[PDB]
Amino acid sequence: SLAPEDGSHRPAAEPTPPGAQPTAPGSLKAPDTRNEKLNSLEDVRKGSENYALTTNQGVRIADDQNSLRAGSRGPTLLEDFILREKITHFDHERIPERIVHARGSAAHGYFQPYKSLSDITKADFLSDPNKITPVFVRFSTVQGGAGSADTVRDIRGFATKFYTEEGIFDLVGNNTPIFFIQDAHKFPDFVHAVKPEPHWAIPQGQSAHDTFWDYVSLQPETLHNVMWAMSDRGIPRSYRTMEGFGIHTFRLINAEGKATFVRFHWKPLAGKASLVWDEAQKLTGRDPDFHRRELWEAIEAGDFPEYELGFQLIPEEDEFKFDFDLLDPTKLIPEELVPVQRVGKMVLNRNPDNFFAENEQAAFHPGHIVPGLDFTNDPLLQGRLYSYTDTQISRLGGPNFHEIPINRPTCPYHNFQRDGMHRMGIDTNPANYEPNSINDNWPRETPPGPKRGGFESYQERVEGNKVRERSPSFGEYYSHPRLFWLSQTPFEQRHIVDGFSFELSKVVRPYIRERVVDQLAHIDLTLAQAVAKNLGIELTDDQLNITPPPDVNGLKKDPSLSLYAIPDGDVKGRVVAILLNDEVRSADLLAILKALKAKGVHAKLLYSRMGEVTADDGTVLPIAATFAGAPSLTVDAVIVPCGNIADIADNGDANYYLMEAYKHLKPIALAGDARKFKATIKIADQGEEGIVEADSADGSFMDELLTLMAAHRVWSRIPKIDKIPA
Amino acid sequence: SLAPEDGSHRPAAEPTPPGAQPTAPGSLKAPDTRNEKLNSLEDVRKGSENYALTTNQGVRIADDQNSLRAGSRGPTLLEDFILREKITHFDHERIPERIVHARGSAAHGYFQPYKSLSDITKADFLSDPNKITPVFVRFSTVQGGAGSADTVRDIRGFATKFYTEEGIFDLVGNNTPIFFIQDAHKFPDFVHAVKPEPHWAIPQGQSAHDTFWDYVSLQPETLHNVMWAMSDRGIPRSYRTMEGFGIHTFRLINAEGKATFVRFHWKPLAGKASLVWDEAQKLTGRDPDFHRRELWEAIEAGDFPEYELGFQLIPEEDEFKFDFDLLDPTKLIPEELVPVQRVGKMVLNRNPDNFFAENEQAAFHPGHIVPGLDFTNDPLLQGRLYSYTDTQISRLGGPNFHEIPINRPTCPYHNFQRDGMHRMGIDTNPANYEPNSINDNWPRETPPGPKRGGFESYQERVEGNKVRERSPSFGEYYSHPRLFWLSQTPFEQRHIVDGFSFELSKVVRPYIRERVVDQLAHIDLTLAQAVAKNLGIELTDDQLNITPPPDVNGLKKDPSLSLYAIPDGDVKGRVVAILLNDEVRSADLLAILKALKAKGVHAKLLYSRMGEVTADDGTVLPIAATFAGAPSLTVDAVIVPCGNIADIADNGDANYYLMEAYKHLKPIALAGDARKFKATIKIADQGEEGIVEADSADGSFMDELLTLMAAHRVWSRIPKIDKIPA
Amino acid sequence: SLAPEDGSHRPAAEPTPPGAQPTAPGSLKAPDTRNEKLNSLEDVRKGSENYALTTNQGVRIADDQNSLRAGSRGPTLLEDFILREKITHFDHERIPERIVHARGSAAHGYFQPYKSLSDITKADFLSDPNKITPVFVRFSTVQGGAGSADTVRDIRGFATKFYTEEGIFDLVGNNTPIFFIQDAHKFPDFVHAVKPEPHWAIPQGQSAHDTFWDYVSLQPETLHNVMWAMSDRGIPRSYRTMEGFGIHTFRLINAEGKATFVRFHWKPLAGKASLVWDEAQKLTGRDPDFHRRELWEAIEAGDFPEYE
Amino acid sequence: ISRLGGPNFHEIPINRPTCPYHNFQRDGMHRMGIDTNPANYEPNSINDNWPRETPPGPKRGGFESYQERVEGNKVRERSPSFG
Ligand code: HEM
Ligand code: HEM
Ligand code: HEM
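One line per chain: the protein sequences are A, C, B and D, in this order.
The first sequence begins at 28 in PDB author numbering and counts up by one.
The second sequence begins at 28 in PDB author numbering and counts up by one.
The third sequence begins at 28 in PDB author numbering and counts up by one.
The fourth sequence begins at 420 in PDB author numbering and counts up by one.
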């Protein structure tokens, strides 16, 4: 039952493009990629080659194919301890998934700051540009279970665990800069409304159902993050191509004791990019693991996810200087008013070895801060501080979840806590309490100070009566959705209209749709009217006369809110499909592959069957996938070289591949006789912006395609796609 | 610094006698003691001296005395993550106790065979007299909770984990050679009957209640082990002075495939010794931790518990040679018929560092066997095989309880099991199934063989129908109880009678007592009449005429069944109380301590207050405890030196000390005017056997006392003790 | 039939003095003692007389004495679903004990006010003397495990659950009027110092050990409750003869919104009474269930524990 | 047991039998039924041995396994008839 004689079962332990080798555990794929956290996990890494199969008690197994029975056709016997331990472990494999963010994908990496930030914070991980901090990052969706699809419309989580010399700091953020609700007390109501409805547990991974829109229509504080979710921000192309945000205002505390308010940002160095709805939704069917796969394969290829940490900083004396409350997590701070200061870079450069042990069991919690940081009274942040530790208790089995290897600090940890389920650490301290004399009071408290000090809270003044009451300053719900709307390009606005229209069409109770449209009329009447037209709703005279909400501190738009208004495209790590024929013109394929290689763009060679085809010069070309098996959904652009085009000219899958790519706004390039495919996408002979065509592939043809790919999608084609049957 | 300036907070890291120093974690008390398992635990041992106090995430704490509040008389705030982590861990410290044997005391040690047993077993741990195998041993009671008392009347558990090079072997035995029941189906019934009654949860630690004796009276198979429990075997002096037994017949399998039946024995090298019932019972009140303390203090003193492993071996062809079924766990194999062959020595030489992490979390299970051993169809053993894996699941939190450090093998273990709560090992195998080609099928099965082979079951023939039926050969209940009863000394018989008499007097429903007396009359009429007289019950003419059961294979006694018939007294590690007065004669004390020291016997110097006293010659004498503080129950003998005897002659506690010791059959030695105490225990002037007396405490005064100690207790005193008001 | 012909296996369902009859579940000893909470539990009470022995799935069992085997001296078979269920249930009977107060004894009863307290509180259970509120009360020690002894020297817990028409109110108190420490951040340190020491898990049920006195010596705020514990308050004669206190100042709030500060007390109508030390210590050996037994038997006798 | 939290999963409403169920099993996490039987073991006399075993019969009888003949040696072996 062995491996093939040629060694082809084992992936090369070097960087390789997606599809070139089977994927593997990180420590086998990239054994030389190290950091202090990855090294610390070596105590618990288990090999396998050359080892005997055993029970968990170390007894070697002779026959792992059969249960013990009284005769070979007889009953199974109770005394088969080998069968019993294997089946017992299997029967207890599953642990509860996370209440929210159950679907997620993670990797290891490292961070380092660009310069010391000691004038604004004493946090050790930001004190020295040459001090590197290992990280572990998990990206997630919010609503769906751990077996749900990746490219759903949803907010995404972006959680980073920094293993610092002064403790673990978890920055537990999302990919939009606000949340849906203002006070943690409402979190279970909001989550219950977006999650599958309770009688039948439908729908998975979707906010397109009555209960979500019922809640939104009755809680207008949700409308800002709803706008984000209905835009193409809700359907990122990759976890590499979305922004992150801590949402809450936190504090930085320097060695002099000065507090500065801060909001955290991650900027993707691969740039911002999103799918379009129909593409996203079909990809949940054709590849429900698309983002998990893309992240893993980018790290294997050396296309490491990179992100810049950024801080918006506000001095303490400017707390009340905006027209919204800084402590309101439904409000963003526009970068036109407070710029994001660049702070450091994070690089994700190694995949885990075992998804369950490292990803599934990782525990992130925003209460895990370090000296030099502090909280604020944001009432959503305040309630989060209760929930992360308590949940990690039923999910991970007990109070020792910090001893699960992925969660362990790499700095020292010593205290008087003892026992609890699955206790690993064996304490030798004669004392388990303090103050004690019997161990000379060790381990000891440490006064706060500029470095290596004990944690002390910032001594914020508190004055008020004990109340359950929302601050009046939080009761403004429409100005930030309007600012967002007006900062989007015209095509992004169209996609927001379509996202609300699609979702509310799936709400069965028509009055809920009408109440959402009335909320939209309080944001922008153009938006309201465009959604109402798709729902066959007519706005009333009163609704047409609602006064628009005020500008946000004088702003009419802020272009940093748009994905696309400011070009930021980076083609390295993108992928093109190359549709082969049985006699490819090898000069075209040479020119194509050379130009893609120079820009770090990968190729996938597709055909109508698997195996190999031979080019005109004898080059044998292995086929990555069939046209049906790896649809246009999964690539960024499509190139069709010349050769024997008659082999594929009448193939329905090949023609549909181009039609889907065209409808989804992807760049298409056709060389030579492949130009006959222009006819299937039912447009021009003089050509069209977005379709690169030439007698042969070459420097100029590839340059033009690569420039298209740098702009991500061909937005100009939008009006030509409603007629295409695809 | 809170430690005293003179360093007297820290115990000496060297062997010291009981009470000389405070006790400590084993690796701090005996850092030079090692073995392969202790060395492998080093990676999870945590120190304390010189480290900062932190959260579990490694953040240094500055103030561990106060919660975060809004003003120093204000409400506590939810953002106090340091308080929250500390209270959350504490809130979750407890795990379920074991269903039975919840009260237990454990130690590390090692085992070595005296010679290779390869002719009868291929078990690696028995293959070489130079091969030393680490062990971890837990002794326990059965019925009471983890917080119940040590010196109850009960069966004791004796469980040994051997960390072999071919797997963990757990020998999970008790301190009697049979069990109460024949088939595992009845275990919940028996245990429910012995355990506190379900309406009110009384009594703890005791079988002296209606439900236990109701079950016994209805299930005469229980009578053999009940006889053992009612004897002084139910009240051992120490875990170091009891026997252990595997109970079941197992098999040894050699390299040629030959099976030999085997029953396992532990022989205590300190000899056999037990308390008397009134002493045991009072000790549960004065020191409920007396056996746990004694085991720990013996190891800290260097009085290491030592046991010889022995095998009773029966050839396969002798399966049916006895009057009873070898597979019946209510029958013993008399050592007159099959002698115990010595196999090796186990020495327990290190205490744990942390009781919870190493004792509470240890998991022993008799299904953990290694190549060279195998099971038999004993129907109690068969059912045990189901129970120990399952229970260790709710108890220890999941299917990865072998990764808890004390449970881990020291030999390699590799397999395709994955996940489960609290998974520590991070598997790098590309495959999690076999057969596989992707990892060339590793880890791989191993054929059985003479050494280092895979486990294969012995191919025993099975023939019969699927039935729920007890074998007729098991249906004999009285002959082994009678052999036991006949093998006892007269004083041991008297204690058995008194054990039954006391227990049945606590049974509230009189017919249950009557039904039990009827079962006794099927064993031995003398026994049944003596118990009946104590209960005011008169035997009928029919009961007086029940034919005794037959002898066992012609035996009418076997002295190996008695604790005391064949003297095996060791005094090393025993303890003597020395009662001081305010002006002790130093020449007496010097003599006493010198002789005790030469024989390895400990002393505790007692008085009517703490502090010190001064001898006649000015020597300062440190007092260990007061008369009331360390009662006679806790020592093996009592010595009173001369001096100012009028200081203590009318001290009620000093008098009571001697009466208690006397009642409990302990040797008592009186020097000089300490002979005035004869009147308080009613001793005549010619003296009496068991009271050592003289003008001073030498020539042969110490030799006579140490001779009485070697014989444990003064049995011949028993007729005199009923008069003494104590 | 295994019961004796004369029926002396079954205690009479009428009050009887301690030792006169075997003790029995409450609903069999006193079937006509009722309150709203005891009546609401009727849906989950299960009987036994005249019913067949079954699996948990309702399958009747024919032989509850033997495992299924291949021949009557053969190996046990994995298809024995009856054995498997019965052993699986037994293997999971235990749950974690309480972190503190693990040893306790409980009874049902009821509470009634002497007068309407509406001028000081709007709490509905205090609003009318004819309003009866069921209670369930658990008394406990603090340090020992659930199988430790009753007459140790310790603080005792006195916890009452009031099943009111406006919600459950739990009054979770002890038998002395203060506690050992000031701020909850220190609770795990104090409890760890009083509990059995971590290396060897001794001593059970006792504060007479180095780490407790270490902490006391270093934390003089403890000294007041230590005084109480070393007095005979630390060794009550019975749960019926000790006082109870909520310890903390709470607030009462009336219908006008006025707050009054309040501390809560329970006064034993049987009076206050304690053991002496040598008697208490010896009793932990002769009857470690002494307090649990005394409470049960007092109720079976009609000597109901009463507290104001 | 691990999925549903303990050995009393039969008392979760959807899993409950609609016929009678009585036995001597007790306790476990999440125990809903409050047993009033003085006995939690059998054989017992203190409750006249109830609940009681029921012999097999044509209707409403105790379960008994069919007495199939077993013959062979203790082996980990796939029957050749399955190959
Ligand atoms: C700004 C608003 C919030 C953001 C950005 C946020 C972000 C996230 C992210 C990214 C995760 C997944 C961490 C991972 O990958 O494992 C998560 C999990 C969780 N969140 Fe939050 N969340 C927010 C609000 C809240 C609120 C208000 C609560 C409850 C009061 C909460 C309770 C949870 C819980 C229960 C989990 C599961 C944690 C676990 O099992 O380990 N979240 N959150
Ligand atoms: C010969 C008869 C038996 C002997 C000598 C025996 C011995 C022991 C001993 C010494 C322990 C304590 C191990 C330790 O110190 O942790 C124990 C625990 C246990 N026994 Fe047995 N026992 C016997 C029969 C049974 C049977 C028939 C069953 C169930 C079918 C059973 C179920 C258990 C369970 C559930 C535990 C607690 C295990 C744990 O939580 O780790 N015992 N037994
Ligand atoms: C005046 C001070 C306190 C008193 C009077 C008090 C009283 C009690 C009582 C009577 C019980 C047992 C309830 C029962 O019978 O089930 C109990 C249990 C408990 N107490 Fe407190 N206690 C106090 C302080 C604390 C503090 C400061 C903490 C933690 C910060 C705490 C945590 C606990 C916990 C964890 C249990 C176990 C509860 C359970 O498992 O159900 N106690 N306490």
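Where is the CB? At the ideal position from N, CA and C, for every residue including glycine.
Contacts of residue i in chain B (Cβ-Cβ under 7 angstroms)
i: D/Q486; result: Neighbours of D/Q486 on chain B: none; closest Cβ ~11 angstroms, over 7 angstroms.
i: C/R313; result: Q308, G312
i: C/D545; result: The premise fails here: C/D545 is roughly 13 angstroms from chain B at the closest Cβ pair, so nothing lies under 7 angstroms.
i: C/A173; result: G172, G174
Spatial neighbours of residue i in its chain, beta-carbon cut-off 8 angstroms, leaving aside the 5 residues before and after
i: A/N442; result: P470
i: C/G337; result: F291, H292, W293, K294, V367, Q368, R369, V370
Residues near residue i in its chain [Cβ-Cβ closer than 6 angstroms; skip 5 each side]
i: A/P49; result: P38
i: A/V86; result: none
i: B/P140; result: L153, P156
i: A/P658; result: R313
i: A/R540; result: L531, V534, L562
Status (buried if at least 16 other CB within 10 Å, exposed otherwise) for residue i
i: A/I593; result: exposed
i: A/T646; result: exposed
i: D/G424; result: exposed
Contacts that residue i makes with chain C (C-beta to C-beta distance below 7 angstroms)
i: A/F108; result: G394, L412
Proximal residues of chain A, C-beta to C-beta of residue i below 7 angstroms
i: D/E472; result: By Cβ distance, chain A contributes nothing, its closest Cβ being about 22 angstroms from D/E472, past 7 angstroms.
i: B/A220; result: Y460
Rounded distance between the beta-carbons of residue j and residue i, thought under 8 angstroms
i: C/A211; j: C/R411; result: 6 angstroms
i: B/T311; j: B/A176; result: 4 angstroms
i: A/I650; j: A/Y634; result: 5 angstroms
i: C/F196; j: C/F152; result: 7 angstroms
i: C/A328; j: C/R267; result: The pair is not a contact, with the Cβ atoms about 12 angstroms apart (cut-off 8 angstroms).
Chain D contact residues for residue i, given Cβ-Cβ distances below 8 angstroms
i: B/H119; result: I420, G425, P426, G447, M448
Interface residues of chain C facing residue i [CB-CB closer than 8 angstroms]
i: A/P432; result: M451, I453
Listed by chain order, chain A residues near residue i by CB distance under 8 angstroms
i: D/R497; result: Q92, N93, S99
i: D/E490; result: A97, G98, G101
Residues near residue i in its chain [Cβ-Cβ closer than 7 angstroms; skip 5 each side]
i: B/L104; result: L95, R96, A97
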